[PDB]
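Visitor: Okay, handing you the structure first.
A quick note on method: Cβ atoms are made from the backbone with ideal geometry, for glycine too, and the neighbour counts reach across all protein chains shown. Computed from the coordinates by the stated procedures, all read-outs in this text should not be read as laboratory data.
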Amino acid sequence: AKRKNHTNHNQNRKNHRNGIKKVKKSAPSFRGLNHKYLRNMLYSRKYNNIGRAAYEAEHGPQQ
Amino acid sequence: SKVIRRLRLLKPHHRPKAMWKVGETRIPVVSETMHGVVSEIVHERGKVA
Amino acid sequence: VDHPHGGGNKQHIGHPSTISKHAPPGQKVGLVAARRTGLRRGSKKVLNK
Amino acid sequence: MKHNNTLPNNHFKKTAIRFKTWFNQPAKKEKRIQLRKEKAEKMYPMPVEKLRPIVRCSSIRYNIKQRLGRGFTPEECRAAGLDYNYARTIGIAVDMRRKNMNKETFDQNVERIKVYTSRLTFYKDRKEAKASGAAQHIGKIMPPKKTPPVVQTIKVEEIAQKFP
Amino acid sequence: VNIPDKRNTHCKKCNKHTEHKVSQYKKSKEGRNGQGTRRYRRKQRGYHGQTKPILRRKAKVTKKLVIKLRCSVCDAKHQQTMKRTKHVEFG
RNA sequence: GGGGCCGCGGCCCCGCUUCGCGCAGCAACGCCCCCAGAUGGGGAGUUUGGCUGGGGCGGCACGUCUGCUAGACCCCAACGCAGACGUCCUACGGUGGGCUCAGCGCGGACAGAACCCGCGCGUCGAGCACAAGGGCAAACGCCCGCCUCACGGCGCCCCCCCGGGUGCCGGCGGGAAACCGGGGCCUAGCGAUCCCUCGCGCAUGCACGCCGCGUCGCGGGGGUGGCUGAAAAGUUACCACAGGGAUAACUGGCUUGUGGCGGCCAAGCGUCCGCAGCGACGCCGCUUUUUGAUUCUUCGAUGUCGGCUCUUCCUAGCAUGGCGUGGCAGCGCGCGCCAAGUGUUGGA
RNA sequence: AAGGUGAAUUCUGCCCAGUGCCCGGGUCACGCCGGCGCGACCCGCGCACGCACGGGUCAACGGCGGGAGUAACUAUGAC
RNA sequence: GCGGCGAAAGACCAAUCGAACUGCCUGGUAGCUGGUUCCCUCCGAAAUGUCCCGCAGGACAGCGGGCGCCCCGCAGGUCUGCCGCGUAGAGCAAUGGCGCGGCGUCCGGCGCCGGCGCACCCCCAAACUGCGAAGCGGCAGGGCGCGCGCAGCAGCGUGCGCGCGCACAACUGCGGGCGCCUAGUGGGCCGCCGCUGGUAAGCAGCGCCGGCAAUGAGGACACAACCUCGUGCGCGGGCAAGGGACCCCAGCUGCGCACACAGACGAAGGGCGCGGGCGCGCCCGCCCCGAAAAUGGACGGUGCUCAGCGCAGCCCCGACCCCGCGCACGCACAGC
RNA sequence: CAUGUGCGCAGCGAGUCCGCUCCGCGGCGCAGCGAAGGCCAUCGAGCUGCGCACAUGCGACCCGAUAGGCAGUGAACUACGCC
Ligand SMILES: [Mg+2]
Ligand SMILES: [Mg+2]
Ligand SMILES: [Mg+2]
Ligand SMILES: [Mg+2]
Ligand SMILES: [Mg+2]
Ligand SMILES: [Mg+2]
Ligand SMILES: [Mg+2]
Ligand SMILES: [Mg+2]
Ligand SMILES: [Mg+2]
Ligand SMILES: [Mg+2]
Ligand SMILES: [Mg+2]
Ligand SMILES: [Mg+2]
Ligand SMILES: [Mg+2]
Ligand SMILES: [Mg+2]
Ligand SMILES: [Mg+2]
Ligand SMILES: [Mg+2]
Ligand SMILES: [Mg+2]
Ligand SMILES: [Mg+2]
Ligand SMILES: [Mg+2]
Ligand SMILES: [Mg+2]
Ligand SMILES: [Mg+2]
Ligand SMILES: [Mg+2]
Ligand SMILES: [Mg+2]
Ligand SMILES: [Mg+2]
Ligand SMILES: [Mg+2]
Ligand SMILES: [Mg+2]
Ligand SMILES: [Mg+2]
Ligand SMILES: [Mg+2]
Ligand SMILES: [Mg+2]
Ligand SMILES: [Mg+2]
Ligand SMILES: [Mg+2]
Ligand SMILES: [Mg+2]
Ligand SMILES: [Mg+2]
Ligand SMILES: [Mg+2]
Ligand SMILES: [Mg+2]
Ligand SMILES: [Mg+2]
Ligand SMILES: [Mg+2]
Ligand SMILES: [Mg+2]
Ligand SMILES: [Mg+2]
Ligand SMILES: [Mg+2]
Ligand SMILES: [Mg+2]
Ligand SMILES: [Mg+2]
Ligand SMILES: [Mg+2]
Ligand SMILES: [Mg+2]
Ligand SMILES: [Zn+2]
């Protein structure tokens, strides 16, 4: 039978009972980053305290 | 639906009774010529002839 | 429930009463292998062919 | 159904499903012990078990271990020196469909018959047998002993010699 | 729509930009011995009726155009999905 | 229809009898049996959606898109308003360059309202497939050249999808280049599992090989418009059941469009004369005696029309009582007032 | 045996397009056959009832239309 | 018995017939109706979103409860700052309407009339906007400074590692964050303000907030929602809303006004009715006419003409509210 | 009752589980990924029982259809036919 279609009544009151929780803090993610930038940042992290020329002097051609 | 009366009369309990029949009316199978006398002309139930 | 002709609100057949000779028994009702219908109005020669 | 759960695989849709309860389980055990005792008393000197061969288990999961087989092949009984029909009259089981596959299973079972027949004392008849006073063997005749595998050791200078 | 017969595009097998001959992809008839053709055939035999649905409320008057691309170098075959159309000519 | 149903002869045809059969006959056919078509409401099952100011009929805020409703973030309902989509396009796509459109003005043989050309102006009033909105002037429009980024492989975002955005590595096109391009100026133009089909696979036949005889993975496609996706015609007044006052058919209630009744104004009519009496065009009310509207009460039932019978009540007064007024001489008639006591019939 | 109409009297008109029934002469299933194969297969062909096509039949189911002008007033419309 | 039998009514077939009766399958299934059994204590909803042959039902999400874990600062708020909106208003300036005049080296017709043009102007707009509020929304108010390494990115930066140094950032309040399992709910209704459809409706459909549902008690004559205001069991105080002639707790002092069985439902239109005010006409109060329904009857009643309509002063009454105390129960327990 | 999941409790713990039996190298876990060929960790506490809540299958909280089926019984009422 024909009845009520829609309301937003009591929705703000419901949504504030457990509050509007924030975005939950996380570790920083590489999701959404530029791929050329992210590839280069990991290369800088891979050869952080030892340079690349010294790293490939040890481990050979690293690619 | 139910069985129509046409199929329902085909069942053998709806046939005419055998006791109404005076007898089977067959031409006799004879080797030689048989001479008979018409003894009686009778009526059979149902049969106009 | 009684008949293929068994109808409603007016006494009429409602479908062609000329039935096929290959019909199911229970459908074979009315004119069962009718070559023609209606009043004859003719010799045997004109109607048979 | 409502929540997050493993999808139900409960097969009780048939109303013809029976249930086998186990209320006879302690009672069947005491009946089973009583019949085993009465079998041992019916065959007083003779062991209650047949002598059964040592066979290797079939698949690749189980061929590391051996179990106790069904019967000895007639070619095993002949190499042990026995007719297989005579071998059944003493307590040896005979298997006509097992195939003599290799020398290691063959020679182990031939030795297994020879050890068994060496360990037998015969009696003249049943009355001589029951009055023998000989203690009869209960349990499986010469079962394969389950052991943890011993770790073999070689010297480290010998490693390149054995496995180059 | 009108599509060219020839089209220089990327060939996956060449890893080059080569000319491809262009034709329309049409679905083949269903083979006799696919596993679903077989399973439907064994289900239909006997007194089982129609064991599978037959769609009777169709709505679409078009199918999506698929182009077959055939490499002039490789003789490689690959396909491209284009839009729904009622009519297509080549050349 | 074909096959099986073990027979002889002769030319599919004709004899035959010894099979078979409903058996003095037919006849090696057919009965019968086995497959396979055709027919088949005679019968068997089953189906015949939803939304809905009851249901039905109708129509689809049943999937998608634009403007409004919408009350200045966003979101926001109605069988709300105004519409649209299901296609179309090898160009109407990509890009580079050049250009400027609609319209107006003033000139020019035939030449006219309307042929073409020129000059001047021209903020976008044009065009951009289409609905609408947004956008756009050395352009997002027009014209021309060269093209096919309407591409493969990996991601990510907006995010049910649909669609779009954004990256990376390749492959390219245009351009001197910067740049631009991952189809259509942007916002619609589309579709699960299973199945089929095609392309691709550095897959595969679980004792081992081979035979596309198959099976898989990945990506397309074939489709569910009732658009998160059954495979589906009716009738029942012979109907049954579970229910529903979530919901119609009486009364009641709210409302009063319609019905009924009453006022206000006074154009005009009434011999002259707006108002003796009327009274248009308009406007304001009242009533619940009409009919709707709605669906609040009732569907484990409130007996549904009319009449008969019998009682009572209201006044918006028909008669009877008293009056006022008249375009009231009388007789009569009209208009108005007070009053609900008593009355208000017999019939076709 | 199957139907319809329902005594008599007087009658029972027109329609075979549709549907049905009946009659007559391209398409189609299995097997067969043929191609192919090492085999499974796969590929083809032939065809009966039917459909189709042609015909009959309404005391079979049933059906049985419009628009314009037009006479000695007008009206009507024989035409 | 999906059978019979029927001069046909779906009639009849053992008080049963549009498919009899018996036993069984069978405790058939039911998104539907009904019912669902002790007490106290602690907390306490939803009637919404998406999808569904979905619309009397579900599942997911939201909300409730219970169980946890973790020390990360937390907020239905204000302030300060920067962006966003396009409603009310305003505007005819573009789009789209409306309407008359005015003007004219414009056109037509016979100086006039009609067209057209222009400028002013008029009435306008949910699907118009040169403007644009009130009101809202987003975000910020803490880490910074320096140095050194790294990169295949880049072409002269950007990120990322590491070290040293500096340092606690408007107001107010205050513990907070996260996880797990599970219920009920998914017919709502009402008020305020803002709306849509509709002649309207105790009608239908929305937005925001509050309520009822599930919220007692006081006041409303009674009365789910109004007003006050929350609510253990008592005692004492003070009050709220609302009242203070009698019902019925609580009133007196003064100043006005009104006479109509008024106050006690109402319109347009009226009234040398009364009281004030302004320039005979207006204006403001009260009253009157307009003002008619059916059981006898309702400011709640009695009644009231200072119990009506207004005001002022002081006072009073009145809830489980607030305050204080005591007790019970709960808590992480000098308390709440 | 079966099977799960979550929580609590309990024993042992890279293990764990007596109860089929006269004696589990049976299950799960100590590590996963892929359809597969193939790849294999940079890596992780589980097993079993007890109890409750909840999900599902079962008669499934209790009671309830109209129906459908299978097997039977009736023409002493009544319908028709025959003797
Ligand atoms: Mg019938
Ligand atoms: Mg009929
Ligand atoms: Mg008749
Ligand atoms: Mg028929
Ligand atoms: Mg078959
Ligand atoms: Mg049929
Ligand atoms: Mg049927
Ligand atoms: Mg419906
Ligand atoms: Mg808005
Ligand atoms: Mg375009
Ligand atoms: Mg374009
Ligand atoms: Mg334009
Ligand atoms: Mg698009
Ligand atoms: Mg794109
Ligand atoms: Mg649907
Ligand atoms: Mg849907
Ligand atoms: Mg009837
Ligand atoms: Mg109701
Ligand atoms: Mg009215
Ligand atoms: Mg009653
Ligand atoms: Mg009554
Ligand atoms: Mg008659
Ligand atoms: Mg015909
Ligand atoms: Mg024909
Ligand atoms: Mg009837
Ligand atoms: Mg009876
Ligand atoms: Mg039950
Ligand atoms: Mg509480
Ligand atoms: Mg709801
Ligand atoms: Mg209910
Ligand atoms: Mg839930
Ligand atoms: Mg506006
Ligand atoms: Mg405005
Ligand atoms: Mg309502
Ligand atoms: Mg309250
Ligand atoms: Mg109250
Ligand atoms: Mg009260
Ligand atoms: Mg006091
Ligand atoms: Mg008192
Ligand atoms: Mg308190
Ligand atoms: Mg249960
Ligand atoms: Mg039952
Ligand atoms: Mg059924
Ligand atoms: Mg039966
Ligand atoms: Zn190629």
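Visitor: Considering only residues that are surrounded by 10 or more Cβ atoms within 10 Å (Cβ to Cβ) and within 14 Å of chain C (Cβ to nearest Cβ), which ones fall in the range B:3-41?
Guide: Pass one, the range B:3-41, residues surrounded by 10 or more Cβ atoms within 10 Å (Cβ to Cβ): B:3-10, B:20-22.
Answer for the range B:3-41, where residues must be surrounded by 10 or more Cβ atoms within 10 Å (Cβ to Cβ) and within 14 Å of chain C (Cβ to nearest Cβ): B:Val3, B:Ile4, B:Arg5, B:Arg6, B:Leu7, B:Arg8, B:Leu9, B:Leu10.
Visitor: Please verify whether B:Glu44 is surrounded by 10 or more Cβ atoms within 10 Å (Cβ to Cβ) and either of a type in the set (D, E, K, R) or within 14 Å of chain C (Cβ to nearest Cβ) (or both), treating the condition exactly as stated.
Guide: yes
Visitor: Output yes when any residue across the range C:2-10 is in contact with a helix residue (DSSP H, G or I) (Cβ under 9 Å, 6 or more places away or on another chain), within 14 Å of chain B (Cβ to nearest Cβ), within 13 Å of ligand 1 (Cβ to nearest atom) and free of Cβ contacts under 8 Å to residues at least 40 places away in the same chain, and no when none is.
Guide: The answer is yes, given that some residue of the range C:2-10 is in contact with a helix residue (DSSP H, G or I) (Cβ under 9 Å, 6 or more places away or on another chain), within 14 Å of chain B (Cβ to nearest Cβ), within 13 Å of ligand 1 (Cβ to nearest atom) and free of Cβ contacts under 8 Å to residues at least 40 places away in the same chain.
Visitor: Next up: Considering only the range C:14-27, state which residues are within 14 Å of another protein chain (Cβ to nearest Cβ), within 11 Å of the chain's Cα centre (by Cα) and farther than 12 Å from B:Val3 by Cα. I'd like the intermediate steps shown before the answer.
Guide: Step one: of the range C:14-27, the residues within 14 Å of another protein chain (Cβ to nearest Cβ) are C:17, C:19, C:23-27.
Applying the additional criterion that residues be within 11 Å of the chain's Cα centre (by Cα) yields C:17, C:19, C:27.
Answer for the range C:14-27, where residues must be within 14 Å of another protein chain (Cβ to nearest Cβ), within 11 Å of the chain's Cα centre (by Cα) and farther than 12 Å from B:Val3 by Cα: C:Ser17, C:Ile19.
Visitor: Quick check, is E:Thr81 in contact with a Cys (Cβ under 6 Å, 6 or more places away or on another chain), part of a strand (DSSP E or B) and of a type in the set (S, T, N, Q)?
Guide: Details: in contact with a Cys (Cβ under 6 Å, 6 or more places away or on another chain): no; part of a strand (DSSP E or B): yes; of a type in the set (S, T, N, Q): yes.
In short, no.
Visitor: If I ask for residues that are more than 14 Å from every other protein chain (Cβ to nearest Cβ) and either among the aromatic types (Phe, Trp, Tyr) or assigned to a loop (DSSP other than H, G, I, E, B) (or both), which ones from the range C:28-49 would you list?
Guide: Kept after step one, since they are more than 14 Å from every other protein chain (Cβ to nearest Cβ), are these residues of the range C:28-49: C:33-49.
Within the range C:28-49, C:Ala33, C:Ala34, C:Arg35, C:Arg36, C:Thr37, C:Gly38, C:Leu39, C:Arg40, C:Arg41, C:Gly42, C:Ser43, C:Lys49 meet the criteria.
Visitor: Scan the range E:9-59 residue by residue and report those that are of a type outside the set (D, E, K, R), surrounded by 11 or more Cβ atoms within 10 Å (Cβ to Cβ) and assigned to a strand (DSSP E or B).
Guide: E:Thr9, E:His10, E:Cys11, E:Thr18, E:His20, E:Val22, E:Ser23, E:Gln24
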